[PDB]
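*Asks:* File name start.pdb; file contents PDB, C-alpha atoms and all ligand atoms; full text below.
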```pdb
MODEL        1
ATOM      1  CA  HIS U  26     -19.900  -0.170  12.718
ATOM      2  CA  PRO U  27     -21.545   3.243  12.270
ATOM      3  CA  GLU U  28     -19.618   4.479  15.264
ATOM      4  CA  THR U  29     -16.426   4.018  13.235
ATOM      5  CA  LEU U  30     -17.924   6.189  10.567
ATOM      6  CA  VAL U  31     -18.439   8.862  13.245
ATOM      7  CA  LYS U  32     -14.618   8.866  13.435
ATOM      8  CA  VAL U  33     -13.886   8.626   9.664
ATOM      9  CA  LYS U  34     -16.111  11.569   8.794
ATOM     10  CA  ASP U  35     -14.713  13.547  11.728
ATOM     11  CA  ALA U  36     -11.248  12.941  10.250
ATOM     12  CA  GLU U  37     -12.388  14.466   6.984
ATOM     13  CA  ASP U  38     -13.727  17.488   8.894
ATOM     14  CA  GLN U  39     -10.581  17.925  10.952
ATOM     15  CA  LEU U  40      -8.194  17.442   8.031
ATOM     16  CA  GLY U  41     -10.135  19.736   5.738
ATOM     17  CA  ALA U  42      -9.822  17.155   2.982
ATOM     18  CA  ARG U  43     -11.430  14.022   1.578
ATOM     19  CA  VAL U  44     -11.007  10.723   3.429
ATOM     20  CA  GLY U  45     -11.785   7.305   1.856
ATOM     21  CA  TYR U  46     -12.310   4.203   3.990
ATOM     22  CA  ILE U  47     -13.190   0.466   3.481
ATOM     23  CA  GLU U  48     -13.434  -2.354   5.964
ATOM     24  CA  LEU U  49     -13.873  -5.694   4.167
ATOM     25  CA  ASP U  50     -14.372  -9.222   5.469
ATOM     26  CA  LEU U  51     -11.250 -11.058   4.199
ATOM     27  CA  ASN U  52     -12.966 -14.436   3.824
ATOM     28  CA  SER U  53     -16.260 -13.380   2.237
ATOM     29  CA  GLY U  54     -15.406 -10.052   0.636
ATOM     30  CA  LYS U  55     -18.403  -8.454   2.291
ATOM     31  CA  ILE U  56     -18.148  -4.639   2.563
ATOM     32  CA  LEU U  57     -18.588  -4.089   6.260
ATOM     33  CA  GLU U  58     -18.398  -0.234   6.182
ATOM     34  CA  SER U  59     -17.211   2.443   3.758
ATOM     35  CA  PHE U  60     -16.835   6.141   3.054
ATOM     36  CA  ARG U  61     -16.125   7.584  -0.430
ATOM     37  CA  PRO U  62     -15.242   4.023  -1.440
ATOM     38  CA  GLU U  63     -15.389   4.633  -5.178
ATOM     39  CA  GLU U  64     -13.632   8.008  -5.193
ATOM     40  CA  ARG U  65     -10.066   8.179  -6.443
ATOM     41  CA  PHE U  66      -7.105   8.857  -4.191
ATOM     42  CA  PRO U  67      -3.350   8.799  -4.890
ATOM     43  CA  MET U  68      -1.891   5.380  -3.983
ATOM     44  CA  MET U  69       1.461   6.757  -2.973
ATOM     45  CA  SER U  70       3.651   3.939  -1.664
ATOM     46  CA  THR U  71       0.694   1.613  -1.121
ATOM     47  CA  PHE U  72       1.266   0.621  -4.761
ATOM     48  CA  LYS U  73       4.470  -1.147  -3.729
ATOM     49  CA  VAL U  74       2.434  -4.134  -2.490
ATOM     50  CA  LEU U  75       0.775  -4.389  -5.888
ATOM     51  CA  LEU U  76       4.162  -4.145  -7.538
ATOM     52  CA  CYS U  77       5.571  -7.006  -5.523
ATOM     53  CA  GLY U  78       2.387  -8.942  -6.389
ATOM     54  CA  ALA U  79       3.105  -8.491 -10.061
ATOM     55  CA  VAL U  80       6.710  -9.538  -9.505
ATOM     56  CA  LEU U  81       5.576 -12.671  -7.612
ATOM     57  CA  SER U  82       3.150 -13.478 -10.464
ATOM     58  CA  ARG U  83       6.124 -13.425 -12.838
ATOM     59  CA  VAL U  84       8.077 -15.654 -10.506
ATOM     60  CA  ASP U  85       5.213 -18.157 -10.452
ATOM     61  CA  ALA U  86       5.140 -18.067 -14.223
ATOM     62  CA  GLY U  87       8.903 -18.832 -14.484
ATOM     63  CA  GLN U  88       9.600 -15.287 -15.769
ATOM     64  CA  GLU U  89      11.489 -13.995 -12.698
ATOM     65  CA  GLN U  90      13.493 -15.334  -9.821
ATOM     66  CA  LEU U  91      13.393 -13.964  -6.311
ATOM     67  CA  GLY U  92      17.147 -14.676  -5.998
ATOM     68  CA  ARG U  93      18.086 -12.788  -9.178
ATOM     69  CA  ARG U  94      20.563  -9.958  -8.492
ATOM     70  CA  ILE U  95      20.159  -6.459  -9.779
ATOM     71  CA  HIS U  96      23.111  -4.092  -9.909
ATOM     72  CA  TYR U  97      22.490  -0.362  -9.793
ATOM     73  CA  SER U  98      24.473   2.818  -9.094
ATOM     74  CA  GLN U  99      24.464   6.328  -7.659
ATOM     75  CA  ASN U 100      22.533   8.024 -10.414
ATOM     76  CA  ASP U 101      19.667   5.476 -10.062
ATOM     77  CA  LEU U 102      19.034   6.560  -6.501
ATOM     78  CA  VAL U 103      15.953   8.729  -5.980
ATOM     79  CA  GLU U 104      14.807  10.508  -2.826
ATOM     80  CA  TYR U 105      14.176   8.317   0.229
ATOM     81  CA  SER U 106      16.232   5.183  -0.444
ATOM     82  CA  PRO U 107      17.322   4.111   3.050
ATOM     83  CA  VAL U 108      18.121   0.521   2.090
ATOM     84  CA  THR U 109      19.222   0.748  -1.524
ATOM     85  CA  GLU U 110      21.683   3.578  -0.850
ATOM     86  CA  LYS U 111      23.650   1.051   1.310
ATOM     87  CA  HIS U 112      24.020  -1.586  -1.441
ATOM     88  CA  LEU U 113      25.479   0.219  -4.444
ATOM     89  CA  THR U 114      28.641  -1.848  -4.644
ATOM     90  CA  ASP U 115      27.208  -5.301  -4.719
ATOM     91  CA  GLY U 116      23.513  -4.845  -5.552
ATOM     92  CA  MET U 117      20.397  -6.471  -4.158
ATOM     93  CA  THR U 118      18.276  -9.483  -5.019
ATOM     94  CA  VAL U 119      14.652  -9.223  -6.138
ATOM     95  CA  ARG U 120      13.449 -10.471  -2.658
ATOM     96  CA  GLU U 121      15.685  -8.014  -0.948
ATOM     97  CA  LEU U 122      14.252  -5.221  -3.100
ATOM     98  CA  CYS U 123      10.655  -6.209  -2.346
ATOM     99  CA  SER U 124      11.550  -6.390   1.331
ATOM    100  CA  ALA U 125      13.033  -2.883   1.128
ATOM    101  CA  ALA U 126      10.145  -1.483  -0.979
ATOM    102  CA  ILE U 127       7.428  -2.889   1.286
ATOM    103  CA  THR U 128       9.027  -2.882   4.726
ATOM    104  CA  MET U 129      10.969   0.404   4.438
ATOM    105  CA  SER U 130       9.069   2.062   1.592
ATOM    106  CA  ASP U 131      12.382   2.421  -0.271
ATOM    107  CA  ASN U 132      11.756   4.410  -3.452
ATOM    108  CA  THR U 133      14.724   3.272  -5.545
ATOM    109  CA  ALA U 134      13.803  -0.318  -4.726
ATOM    110  CA  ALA U 135      10.363   0.347  -6.166
ATOM    111  CA  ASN U 136      11.805   1.827  -9.356
ATOM    112  CA  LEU U 137      14.182  -1.109  -9.792
ATOM    113  CA  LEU U 138      11.303  -3.543  -9.347
ATOM    114  CA  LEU U 139       9.051  -1.556 -11.651
ATOM    115  CA  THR U 140      11.757  -1.804 -14.339
ATOM    116  CA  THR U 141      11.667  -5.664 -14.068
ATOM    117  CA  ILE U 142       7.997  -5.848 -15.060
ATOM    118  CA  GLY U 143       8.067  -3.286 -17.842
ATOM    119  CA  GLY U 144       7.154  -0.011 -16.058
ATOM    120  CA  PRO U 145       3.979   1.464 -14.734
ATOM    121  CA  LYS U 146       1.999   0.572 -17.862
ATOM    122  CA  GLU U 147       2.621  -3.111 -17.250
ATOM    123  CA  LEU U 148       1.602  -2.851 -13.611
ATOM    124  CA  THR U 149      -1.658  -1.358 -14.889
ATOM    125  CA  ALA U 150      -2.054  -4.175 -17.379
ATOM    126  CA  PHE U 151      -1.432  -6.692 -14.596
ATOM    127  CA  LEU U 152      -4.148  -5.074 -12.458
ATOM    128  CA  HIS U 153      -6.666  -4.954 -15.314
ATOM    129  CA  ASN U 154      -5.971  -8.626 -16.079
ATOM    130  CA  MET U 155      -6.759  -9.601 -12.447
ATOM    131  CA  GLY U 156     -10.068  -7.744 -12.559
ATOM    132  CA  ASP U 157      -9.088  -4.320 -11.112
ATOM    133  CA  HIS U 158     -10.362  -1.956 -13.811
ATOM    134  CA  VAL U 159      -9.774   1.043 -11.587
ATOM    135  CA  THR U 160      -6.268   1.138 -10.129
ATOM    136  CA  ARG U 161      -3.604   2.566 -12.398
ATOM    137  CA  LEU U 162       0.084   3.347 -12.119
ATOM    138  CA  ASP U 163       1.404   5.865 -14.630
ATOM    139  CA  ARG U 164       4.651   7.258 -13.269
ATOM    140  CA  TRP U 165       7.804   6.314 -11.405
ATOM    141  CA  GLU U 166       9.278   7.523  -8.127
ATOM    142  CA  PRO U 167       9.278  10.416  -7.323
ATOM    143  CA  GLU U 168       6.558  11.837  -9.538
ATOM    144  CA  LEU U 169       3.888   9.234  -8.775
ATOM    145  CA  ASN U 170       3.382  10.910  -5.359
ATOM    146  CA  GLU U 171       2.413  14.275  -6.731
ATOM    147  CA  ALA U 172      -1.252  13.980  -5.819
ATOM    148  CA  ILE U 173      -2.540  16.554  -8.297
ATOM    149  CA  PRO U 174      -6.185  17.376  -7.633
ATOM    150  CA  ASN U 175      -8.515  15.604 -10.100
ATOM    151  CA  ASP U 176      -5.658  13.661 -11.649
ATOM    152  CA  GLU U 177      -6.385   9.983 -12.197
ATOM    153  CA  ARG U 178      -2.732   9.093 -12.718
ATOM    154  CA  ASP U 179      -1.329   6.836 -10.001
ATOM    155  CA  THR U 180      -4.711   6.445  -8.245
ATOM    156  CA  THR U 181      -6.947   3.780  -6.814
ATOM    157  CA  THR U 182     -10.250   3.794  -4.961
ATOM    158  CA  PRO U 183     -10.677   2.373  -1.441
ATOM    159  CA  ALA U 184     -12.930  -0.354  -2.822
ATOM    160  CA  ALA U 185     -10.678  -1.305  -5.726
ATOM    161  CA  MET U 186      -7.572  -1.441  -3.561
ATOM    162  CA  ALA U 187      -9.280  -3.455  -0.820
ATOM    163  CA  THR U 188     -10.663  -5.919  -3.443
ATOM    164  CA  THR U 189      -7.294  -6.259  -5.099
ATOM    165  CA  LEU U 190      -5.461  -6.776  -1.814
ATOM    166  CA  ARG U 191      -7.949  -9.499  -0.866
ATOM    167  CA  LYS U 192      -7.261 -11.229  -4.190
ATOM    168  CA  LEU U 193      -3.458 -11.003  -3.948
ATOM    169  CA  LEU U 194      -3.306 -12.301  -0.373
ATOM    170  CA  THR U 195      -5.906 -15.077  -0.539
ATOM    171  CA  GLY U 196      -6.922 -15.933  -4.166
ATOM    172  CA  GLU U 197      -5.465 -18.380  -6.685
ATOM    173  CA  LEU U 198      -3.843 -15.339  -8.288
ATOM    174  CA  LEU U 199      -0.459 -16.181  -6.745
ATOM    175  CA  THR U 200       0.717 -19.602  -5.563
ATOM    176  CA  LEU U 201       0.348 -20.235  -1.810
ATOM    177  CA  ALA U 202       4.034 -19.846  -1.132
ATOM    178  CA  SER U 203       4.205 -16.561  -2.938
ATOM    179  CA  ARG U 204       0.982 -15.079  -1.477
ATOM    180  CA  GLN U 205       2.531 -15.981   1.856
ATOM    181  CA  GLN U 206       5.757 -14.164   0.946
ATOM    182  CA  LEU U 207       3.709 -11.050   0.027
ATOM    183  CA  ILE U 208       1.925 -11.032   3.390
ATOM    184  CA  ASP U 209       5.185 -11.788   5.192
ATOM    185  CA  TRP U 210       6.851  -8.652   3.710
ATOM    186  CA  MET U 211       3.751  -6.696   4.760
ATOM    187  CA  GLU U 212       3.928  -8.088   8.338
ATOM    188  CA  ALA U 213       7.454  -6.467   8.693
ATOM    189  CA  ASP U 214       7.525  -2.732   9.227
ATOM    190  CA  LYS U 215       9.767   0.177  10.183
ATOM    191  CA  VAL U 216       7.638   3.105   9.067
ATOM    192  CA  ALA U 217       3.873   2.565   9.797
ATOM    193  CA  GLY U 218       4.117   2.355  13.546
ATOM    194  CA  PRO U 219       2.161   5.615  14.106
ATOM    195  CA  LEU U 220      -0.787   4.320  12.028
ATOM    196  CA  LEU U 221      -2.980   1.240  12.572
ATOM    197  CA  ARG U 222      -0.176  -0.650  14.416
ATOM    198  CA  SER U 223      -0.303   1.931  17.234
ATOM    199  CA  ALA U 224      -3.972   0.907  17.881
ATOM    200  CA  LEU U 225      -3.532  -2.850  17.397
ATOM    201  CA  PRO U 226      -4.143  -5.051  20.456
ATOM    202  CA  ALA U 227      -1.567  -7.485  21.750
ATOM    203  CA  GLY U 228      -1.754 -10.839  19.983
ATOM    204  CA  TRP U 229      -3.373  -9.431  16.853
ATOM    205  CA  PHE U 230      -1.880  -9.853  13.415
ATOM    206  CA  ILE U 231      -1.255  -7.058  10.976
ATOM    207  CA  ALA U 232       0.218  -6.930   7.507
ATOM    208  CA  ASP U 233       0.249  -3.387   6.117
ATOM    209  CA  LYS U 234       1.722  -0.817   3.783
ATOM    210  CA  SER U 235       1.576   2.940   4.305
ATOM    211  CA  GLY U 236       1.879   5.831   1.903
ATOM    212  CA  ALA U 237       2.631   9.543   2.038
ATOM    213  CA  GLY U 238       2.811  12.018  -0.786
ATOM    214  CA  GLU U 240       2.381  15.650  -1.807
ATOM    215  CA  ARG U 241      -0.635  17.807  -0.890
ATOM    216  CA  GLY U 242      -1.202  16.127   2.436
ATOM    217  CA  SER U 243      -1.764  12.716   0.876
ATOM    218  CA  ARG U 244      -1.535   9.833   3.356
ATOM    219  CA  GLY U 245      -2.867   6.300   3.465
ATOM    220  CA  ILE U 246      -2.591   2.711   4.550
ATOM    221  CA  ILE U 247      -3.708  -0.710   3.361
ATOM    222  CA  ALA U 248      -3.832  -3.583   5.849
ATOM    223  CA  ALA U 249      -4.970  -7.088   6.612
ATOM    224  CA  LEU U 250      -5.501  -7.540  10.357
ATOM    225  CA  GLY U 251      -7.299  -9.634  12.943
ATOM    226  CA  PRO U 252      -7.132 -11.216  16.279
ATOM    227  CA  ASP U 254      -4.991 -14.100  17.520
ATOM    228  CA  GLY U 255      -2.356 -13.956  15.008
ATOM    229  CA  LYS U 256      -4.545 -14.391  11.961
ATOM    230  CA  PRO U 257      -5.821 -11.708   9.615
ATOM    231  CA  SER U 258      -9.577 -11.609   9.086
ATOM    232  CA  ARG U 259     -10.357  -8.147   7.628
ATOM    233  CA  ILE U 260      -8.839  -5.623   5.253
ATOM    234  CA  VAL U 261      -8.874  -1.935   5.999
ATOM    235  CA  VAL U 262      -7.984   0.751   3.457
ATOM    236  CA  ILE U 263      -7.728   4.426   4.426
ATOM    237  CA  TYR U 264      -6.702   7.283   2.130
ATOM    238  CA  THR U 265      -6.717  11.056   2.373
ATOM    239  CA  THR U 266      -5.469  13.797   0.071
ATOM    240  CA  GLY U 267      -5.578  17.585   0.047
ATOM    241  CA  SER U 268      -5.034  18.342   3.739
ATOM    242  CA  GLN U 269      -2.721  21.080   4.947
ATOM    243  CA  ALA U 270      -2.265  19.248   8.263
ATOM    244  CA  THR U 271       1.046  18.080   9.661
ATOM    245  CA  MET U 272       2.231  14.521   9.255
ATOM    246  CA  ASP U 273       1.603  13.930  12.956
ATOM    247  CA  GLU U 274      -1.981  15.245  12.593
ATOM    248  CA  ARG U 275      -2.708  13.057   9.589
ATOM    249  CA  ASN U 276      -1.080  10.076  11.367
ATOM    250  CA  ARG U 277      -3.212  10.616  14.457
ATOM    251  CA  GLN U 278      -6.435  10.719  12.461
ATOM    252  CA  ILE U 279      -5.595   7.366  10.876
ATOM    253  CA  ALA U 280      -4.632   5.975  14.296
ATOM    254  CA  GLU U 281      -8.006   7.176  15.690
ATOM    255  CA  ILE U 282      -9.942   5.546  12.861
ATOM    256  CA  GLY U 283      -8.006   2.386  13.786
ATOM    257  CA  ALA U 284      -8.832   2.771  17.504
ATOM    258  CA  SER U 285     -12.502   2.943  16.547
ATOM    259  CA  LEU U 286     -12.589  -0.002  14.159
ATOM    260  CA  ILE U 287     -10.797  -2.137  16.814
ATOM    261  CA  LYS U 288     -13.204  -1.039  19.539
ATOM    262  CA  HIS U 289     -16.192  -1.965  17.385
ATOM    263  CA  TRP U 290     -14.717  -5.112  15.848
TER     264      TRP U 290
HETATM  265  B1  LIG S 301       5.702   6.231   0.020
HETATM  266  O1  LIG S 301       4.455   7.010  -0.142
HETATM  267  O2  LIG S 301       5.764   5.720   1.429
HETATM  268  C1  LIG S 301       7.016   7.089  -0.377
HETATM  269  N1  LIG S 301       7.080   8.393   0.300
HETATM  270  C2  LIG S 301       7.783   9.472  -0.008
HETATM  271  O3  LIG S 301       8.543   9.374  -0.933
HETATM  272  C3  LIG S 301       7.446  10.652   0.877
HETATM  273  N2  LIG S 301       7.687  10.726   2.153
HETATM  274  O4  LIG S 301       8.485   9.730   2.654
HETATM  275  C4  LIG S 301       9.189  10.051   3.901
HETATM  276  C5  LIG S 301      10.463  10.794   3.490
HETATM  277  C6  LIG S 301       9.645   8.676   4.388
HETATM  278  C7  LIG S 301       8.247  10.713   4.862
HETATM  279  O5  LIG S 301       8.806  11.450   5.713
HETATM  280  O6  LIG S 301       6.995  10.540   4.755
HETATM  281  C8  LIG S 301       6.957  11.868   0.194
HETATM  282  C9  LIG S 301       6.923  11.858  -1.183
HETATM  283  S1  LIG S 301       6.381  13.382  -1.702
HETATM  284  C10 LIG S 301       6.180  13.860  -0.067
HETATM  285  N3  LIG S 301       5.693  15.061   0.289
HETATM  286  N4  LIG S 301       6.557  12.987   0.838
HETATM  287  K     K S 302     -22.587  -0.903   6.469
HETATM  288  K     K S 303      27.051  -0.501  -8.771
HETATM  289  K     K S 304      29.602  -0.343   0.805
HETATM  290  K     K S 305       4.494  -3.384   6.378
ENDMDL
END
```
Before anything else, please render the file you have as structure tokens.

*Replies:*
Amino acid sequence: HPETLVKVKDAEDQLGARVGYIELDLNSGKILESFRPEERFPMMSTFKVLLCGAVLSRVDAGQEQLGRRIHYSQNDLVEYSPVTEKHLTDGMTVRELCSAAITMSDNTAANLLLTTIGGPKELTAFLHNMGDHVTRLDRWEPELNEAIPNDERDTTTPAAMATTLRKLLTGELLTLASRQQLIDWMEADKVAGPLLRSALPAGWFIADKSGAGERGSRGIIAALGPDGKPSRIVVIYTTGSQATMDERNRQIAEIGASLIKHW
């Protein structure tokens, strides 16, 4: 609704930085509303959903097992590893690592998972091969969050990300049981509460993944809808703001309040 765009563009004004926004119909793929939808933004941790998509694609292909155990150690740990730092002695399974990566945004979990598929370059190849000729991962944690102005490394566009998320969650790309496991990880959350979830009515479904990086970068990808069933995808990104985390969070939550009101 154009009234939601009143709020999106106000966010860009208030944050002093670009905002990108997409609302898509999940079933049809229709673009319901957008703003800077084909401009690049840093993915930040929103890539972790894509990553676990690529992992699940390998599982489906008999190239990976969700129960396979990976052993790691102190030196592997990178900044912000709230789950993996607890499991050095006895390791974690691939499903446990995707759970940690998506539900907690654990950064070491993401690196461990990235290693399984061949690194960033292979995530990019996976994306290209599913018809996303835009999104690219180039680096590992921590550097992929650096959000350098004009850098295309580690970026997506709102439109590409929304399209790709629709494919992963609902297309023949993954088997049913696996696309369900991807959305189930996304339904769990300990870190995106201040974002769309804070605006979500009782009884509604959401499956999401947030991101935060350098230079004010912040974002979220989500599938949401009423009565326990998702029916739209929303993607919001911003980069370049000098605002506080709370200020960026609130702008995203206010975009969410608006898109709910005008649903
Ligand atoms: B992902 O974008 O969710 C991973 N995020 C990070 O590594 C960053 N922040 O994460 C915490 C520590 C949870 C936070 O307080 O937002 C991060 C990377 S670079 C930067 N300035 N913040
Ligand atoms: K429109
Ligand atoms: K170990
Ligand atoms: K221990
Ligand atoms: K989530």

*Asks:* List all protein, DNA and RNA residues that have an atom no more than 9 Å from any atom of ligand K 302 (chain S), counting all atoms listed in the file, and report them as an NGL selection string.

*Replies:* :U and (26-27 or 56-59)

*Asks:* Identify, counting only C-alpha atoms and all ligand atoms, the protein, DNA and RNA residues located within 10 Å of ligand LIG 301 (chain S), and give them as a PyMOL selection string.

*Replies:* chain U and resi 67-73+103-107+126-133+135+166-172+216-217+234-238+240-246+272

*Asks:* Using all atoms listed in the file, find each residue with an atom at most 10 Å away from ligand K 303 (chain S) and format the answer as a PDB file with C-alpha atoms, keeping the file's coordinate frame.

*Replies:*
```pdb
ATOM      1  CA  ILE U  95      20.159  -6.459  -9.779  1.00  0.00           C
ATOM      2  CA  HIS U  96      23.111  -4.092  -9.909  1.00  0.00           C
ATOM      3  CA  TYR U  97      22.490  -0.362  -9.793  1.00  0.00           C
ATOM      4  CA  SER U  98      24.473   2.818  -9.094  1.00  0.00           C
ATOM      5  CA  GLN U  99      24.464   6.328  -7.659  1.00  0.00           C
ATOM      6  CA  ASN U 100      22.533   8.024 -10.414  1.00  0.00           C
ATOM      7  CA  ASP U 101      19.667   5.476 -10.062  1.00  0.00           C
ATOM      8  CA  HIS U 112      24.020  -1.586  -1.441  1.00  0.00           C
ATOM      9  CA  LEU U 113      25.479   0.219  -4.444  1.00  0.00           C
ATOM     10  CA  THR U 114      28.641  -1.848  -4.644  1.00  0.00           C
ATOM     11  CA  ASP U 115      27.208  -5.301  -4.719  1.00  0.00           C
ATOM     12  CA  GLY U 116      23.513  -4.845  -5.552  1.00  0.00           C
TER      13      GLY U 116
END
```

*Asks:* Which polymer residues, whether protein, DNA or RNA, lie within 7 Å of the coordinate (-6.1, 0.4, -7.3) when you count all atoms listed in the file? List them as a list in words, using the chain letters and numbers from the file.

*Replies:* residues 157, 159, 160, 161, 180, 181, 182, 185 and 186 of chain U

*Asks:* Could you check how far CA of residue 268 (chain U) sits from CA of residue 29 (chain U), in Å to one decimal?

*Replies:*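 The value is 20.6 Å.
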
*Asks:* Go ahead and compute the interatomic distance for atom K of ligand K 304 (chain S) and CA of residue 90 (chain U), in Å to one decimal.

*Replies:* 24.4 Å

*Asks:* Could you jot down the CA of residue 225 (chain U) to CA of residue 256 (chain U) separation for me, Å, one decimal place?

*Replies:*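 Rounded to one decimal, the two atoms are 12.8 Å apart.
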
*Asks:* Build an axis-aligned box that encloses every atom of region 108-119 of chain U listed in the file, pad it by 5 Å on each side, and report its centre and edge lengths in Å to one decimal, as lines of an AutoDock Vina configuration file.

*Replies:*
```
center_x = 21.6
center_y = -3.0
center_z = -2.0
size_x = 24.0
size_y = 23.1
size_z = 18.2
```
